[PDB]
Each structure stands twice: as structure tokens, then as C-alpha cells.
């Protein structure tokens, strides 16, 4: 709670900064707050890197590639920091997804459906893709104790409250939030193991079962619950919060740089 983020946030709002530009601005704020630490922003990671990180855990892992310069490209990029051993440690990965143009149709008068008949459109499964990148960055961070992955959802397919949109003929159509003809929110909940959405799940839980002990890598899933678009200021504050808690977890491998610089 250092005040400087109040100025940064109002900058984002004053410019309608998308997720990618907000993560770039988060890097700026971080280096402003921690001037002796070294941050950077990437817009992609190559599969070779991920595989290289994998076989460092176990020799039999990470031994596959079919397209040589294949890569993943989170539309909000990766913010990293440099630790005391010169290694780069990811402190933020962000992505922003959209589904369900229903509120647009109902705001206007366009009747959708197979025969121009429907008010609503049966929600599709495109949002299932979001699990691939989460898997990639999870495997990338399989040796870290923090998973700083933030997903930002938007659209009529991601409602957490009931909303009423009125047509150009006075017709109030109602979007019922828990309706399985619209709500695709459940399609993401496997990523944080059914832990709460709209919350920062950055620090990894360790759960057991038998002698079977294991680590969970949960993603932070945030929803514009009322159908509207995201406020860049809030989007910014969330990312700053998830990145700082990442820095808290990295605190051991950052000490030298912070005390002697």
C-alpha cells in the first residue's frame, strides 16, 4: 500500500490500457518500487525453454518437439525479475478472454439463432482453449512455489449476477446468471481446483493423500461478473497484487540484490 499505484492506476484508466499494456505498466511500477531489482517484460516463450525447464526436474521429461520454433504467446505477456543467481523468475503471466456477444444483440435488435429468431445464443466451448497455456506455464514453473497466472474473463458467458438488457422496442430481456445456456464459467474452474474465483491464488498449496504428497498450481480467474468490460485501473491493481506476492515468495533468492544495491 505505497500510494504510487494510485497514480499508475489512474493512468491506465485514462488510456483504456488492454491487458498487455497493463502488464507492461506493472513492470514499470515494480521497478519504480524495487529500484535495485531487475525486471523485464516478454511477449512470448519458446517451447524449447519450457522443455529445458522440464528436464531440469527429471531427465525423461521435456523430450518432445515437432515444430522447432514453436512458442506460446499470452496476450498479456510475461513479467520477470532477476534473482541473486542471474536467473530470471516469472512474477506475472496474464491473459484476457472474451465470450458471449449476447448483451450486444439485446442492446441492439439483432435476433440470432438458426432462423433469426432467438434473443440468446447457445454458448460455445472456445473458452476451453484457455487450459493449454495454463498447462504450459505450469510445466514451466513446475519447480517454483508460486503460480502467478491471472485470467481475465469478459462477456455474457461469464456472469455472476443477474442482469436485464432492454431492446430498442422496450423489451426487457433478462440474463439469468446460473443459466447453462449462457454461463461457461465452469469451463475454467479446473484450473484453480474449485477454489474461489475473483481471488489471488498465487501461492501454491501442498496437499497429501497417502504418503502421496503433491503441489497444486492454481490459476487466478477473475470475472467481470456483470457482463461489462474491465476497468483498467482494477485490472492493473490485481496484476500488481499478484506480482508483488510473487516477489514475496521469491524473497529468499532476492535478498542479496535488495540489501547490497
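Numbering follows the first chain given and starts at 1.
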The stretch whose C-alpha atoms carry the larger average B-factor in the entry, 119 to 127 or 180 to 188, is 119 to 127
For the C-alpha atoms alone, is the average B factor greater in 166 to 174 or in 129 to 137, going by the entry? 166 to 174
Using the entry's values, work out which of 47, 228, 42, 27 has the largest Cα B factor. 228
Among 51, 217, 32, 220, highest Cα B-factor in the entry goes to 32
Going by the entry, which third of its chain does the Cα temperature factor of residue 113 land in? highest
Is residue 105 in the lowest, middle or highest third of its chain when residues are ranked by C-alpha B-factor? highest
By its CA B factor, does residue 253 count among the lowest, middle or highest third of the modelled residues in the chain? middle
Residue 144 - which third its CA temperature factor falls in, relative to the rest of the chain: middle
Chain-relative CA temperature factor third for residue 80: lowest
